[PDB]
Amino acid sequence: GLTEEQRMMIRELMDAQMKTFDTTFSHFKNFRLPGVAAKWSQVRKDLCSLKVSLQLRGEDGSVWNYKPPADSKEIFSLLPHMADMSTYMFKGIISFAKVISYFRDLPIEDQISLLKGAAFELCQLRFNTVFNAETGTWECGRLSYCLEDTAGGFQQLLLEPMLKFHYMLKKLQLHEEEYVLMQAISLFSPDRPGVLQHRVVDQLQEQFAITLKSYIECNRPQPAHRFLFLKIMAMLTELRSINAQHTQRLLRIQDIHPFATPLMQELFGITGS
Ligand SMILES: Cc1nc(-c2cccc(F)c2O)n(CCc2ccccc2)c(=O)c1Cc1ccccc1
């Protein structure tokens with residue numbers, strides 16, 4: 001069974017999730033939409049792997065739908081929108097952290113350092129919960145983002161680590177509690193740059209990990225869920241690698257075509273000079 005401390009820990013994480021995860025995206029509005037040297041550009045074409053169409057269902061019953069263009073200087077038409085969605089998600093993640101007592105008690109410098117290290121990872125973890133793996137679409141209330149079908153199909157889509165990560169994590173069919181513990185483990189990473197209380201964060205991380213392992217042991221006896229704890233930890237390590245690569249991806253794009261919002265600039269360390 002879970003201890004009283006472990007049950008309290010999960011409850012506080014679920015409470016935070018409940019309060020700060022707008023699962024229907026109802027307060028996401030007033031966002032931008034697409035209109036109605038050489039080596040750096042070629043690497044920036046990295047964007048092709050993440051191609052998505054966009055659907056917006058109106059409250060009145062109307063449906064707007066956007067198919068993006070082929071590559072060739074207009075592969076940036078969707079960046080402002082994605083910047084606005086990412087920003088909206090980041091705010092939710094920041095609120096999540098701030099309502100957790102284990103995070104509130106850390107020094108303000110470590111709070112910021114932990115948020116800059118983990119914001120992308122937490123975003124992806126929340127996005128996985130609205131991912132429909134059958135249709136390859138993220139369902140964000142009135143908005144939907146659907147992967148565009150390419151020559152290799154389902155196989156070729158899994159070559160992009162981000163996309164493969166979303167498919168693999170969804171296949172584990174995790175509970176809400178397991179997702180929120182993944183968020184905690186990722187948030188409380190003692191080895192992010194600029195962390196001062198490395199011992200406290202490490203100990204906290206271990207308690208979340210132990211709580212997740214015990215939750216799984218107590219609630220998932222089936223042969224399918226053997227090694228689930230270790231599969232989850234391997235996915236978080238993978239996600240951290242995806243984070244570092246996609247961070248460099250976004251910074252390269254930002255160098256050629258500015259798109260990052262002020263909040264994104266904060267989290268990515270862009271000063272404005
Ligand atoms: C598929 C995907 N891809 C990217 C992503 C896109 C371009 C470059 C990257 F390096 C990327 O990682 N991003 C990152 C967020 C982003 C921030 C700034 C600008 C564009 C996007 C994602 O989160 C997702 C998941 C998702 C799917 C559908 C709706 C929302 C999210």
# chains A, B, ... in the order shown; residues from 1 in each chain; ligands from 1

call {"tool": "residues_around", "arguments": {"residues": "residue A:204", "least_positions_apart": "4", "cutoff": "7 Å", "atoms": "only C-alpha atoms", "output": "PyMOL selection string"}}
result
chain A and resi 188+200+208

call {"tool": "select_by_dssp", "arguments": {"residues": "stretch 36-78 of chain A", "states": "strand (DSSP E)", "output": "VMD selection string"}}
result
chain A and resid 52 to 57 63 to 66

call {"tool": "residues_around", "arguments": {"residues": "residue A:260", "least_positions_apart": "2", "cutoff": "12 Å", "atoms": "only C-alpha atoms", "output": "count of residues only"}}
result
30

call {"tool": "select_by_dssp", "arguments": {"residues": "stretch 93-226 of chain A", "states": "alpha helix (DSSP H)", "output": "VMD selection string"}}
result
chain A and resid 93 to 98 101 to 104 108 to 129 154 to 157 161 to 171 176 to 187 198 to 219

call {"tool": "atom_distance", "arguments": {"atom1": "atom CA of residue A:186", "atom2": "atom CA of residue A:47"}}
result
25.5 Å

call {"tool": "residues_around", "arguments": {"residues": "residue A:106", "least_positions_apart": "4", "cutoff": "9 Å", "atoms": "only C-alpha atoms", "output": "JSON, numbers by chain"}}
result
{"A": [101, 102, 110, 111, 197, 200, 201]}

call {"tool": "residues_around", "arguments": {"residues": "residue A:117", "least_positions_apart": "3", "cutoff": "9 Å", "atoms": "only C-alpha atoms", "output": "PyMOL selection string"}}
result
chain A and resi 112-114+120-121+186-187+189+192-193+243+267-268

call {"tool": "write_last_selection", "arguments": {"atoms": "N, CA and C atoms", "output": "mmCIF file, in the first residue's frame"}}
result
data_model
loop_
_atom_site.group_PDB
_atom_site.id
_atom_site.type_symbol
_atom_site.label_atom_id
_atom_site.label_comp_id
_atom_site.auth_asym_id
_atom_site.auth_seq_id
_atom_site.Cartn_x
_atom_site.Cartn_y
_atom_site.Cartn_z
ATOM 1 N N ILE A 112 13.064 29.356 -10.496
ATOM 2 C CA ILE A 112 13.254 29.826 -11.868
ATOM 3 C C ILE A 112 14.132 28.863 -12.659
ATOM 4 N N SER A 113 15.230 28.427 -12.056
ATOM 5 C CA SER A 113 16.128 27.487 -12.717
ATOM 6 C C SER A 113 15.425 26.169 -13.068
ATOM 7 N N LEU A 114 14.600 25.663 -12.154
ATOM 8 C CA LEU A 114 13.844 24.431 -12.394
ATOM 9 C C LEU A 114 12.779 24.596 -13.485
ATOM 10 N N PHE A 120 9.409 22.954 -21.104
ATOM 11 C CA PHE A 120 9.135 22.223 -22.338
ATOM 12 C C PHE A 120 8.688 20.785 -22.064
ATOM 13 N N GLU A 121 9.376 20.115 -21.147
ATOM 14 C CA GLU A 121 9.073 18.723 -20.834
ATOM 15 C C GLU A 121 7.666 18.578 -20.253
ATOM 16 N N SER A 186 10.150 15.321 -13.441
ATOM 17 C CA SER A 186 10.789 16.210 -14.417
ATOM 18 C C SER A 186 11.045 17.617 -13.860
ATOM 19 N N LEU A 187 10.073 18.155 -13.130
ATOM 20 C CA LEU A 187 10.197 19.497 -12.556
ATOM 21 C C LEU A 187 11.314 19.562 -11.511
ATOM 22 N N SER A 189 14.276 18.246 -10.956
ATOM 23 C CA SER A 189 15.502 17.614 -11.441
ATOM 24 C C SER A 189 16.680 18.357 -10.834
ATOM 25 N N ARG A 192 19.780 20.539 -13.202
ATOM 26 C CA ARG A 192 19.533 21.581 -14.194
ATOM 27 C C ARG A 192 20.546 22.685 -13.925
ATOM 28 N N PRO A 193 20.980 23.404 -14.976
ATOM 29 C CA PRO A 193 21.931 24.499 -14.779
ATOM 30 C C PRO A 193 21.350 25.614 -13.911
ATOM 31 N N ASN A 243 14.125 17.567 -25.204
ATOM 32 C CA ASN A 243 14.144 18.949 -24.721
ATOM 33 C C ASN A 243 15.395 19.707 -25.179
ATOM 34 N N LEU A 267 11.980 32.097 -20.408
ATOM 35 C CA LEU A 267 12.246 30.674 -20.184
ATOM 36 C C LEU A 267 13.454 30.155 -20.972
ATOM 37 N N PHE A 268 13.690 30.706 -22.162
ATOM 38 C CA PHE A 268 14.860 30.335 -22.971
ATOM 39 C C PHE A 268 16.096 31.218 -22.708
#

call {"tool": "closest_residue", "arguments": {"among": "A:236, A:50, A:97, A:33", "to": "residue A:14", "atoms": "only C-alpha atoms"}}
result
A:97

call {"tool": "atom_distance", "arguments": {"atom1": "atom CA of residue A:144", "atom2": "atom 29 (C, counted along the ligand's line) of ligand 1"}}
result
7.7 Å

call {"tool": "atom_distance", "arguments": {"atom1": "atom CA of residue A:30", "atom2": "atom CA of residue A:75"}}
result
22.4 Å

call {"tool": "closest_residue", "arguments": {"among": "A:45, A:246, A:98, A:240", "to": "ligand 1", "atoms": "only C-alpha atoms and all ligand atoms"}}
result
A:246

call {"tool": "closest_residue", "arguments": {"among": "A:195, A:159, A:143, A:216", "to": "ligand 1", "atoms": "only C-alpha atoms and all ligand atoms"}}
result
A:143
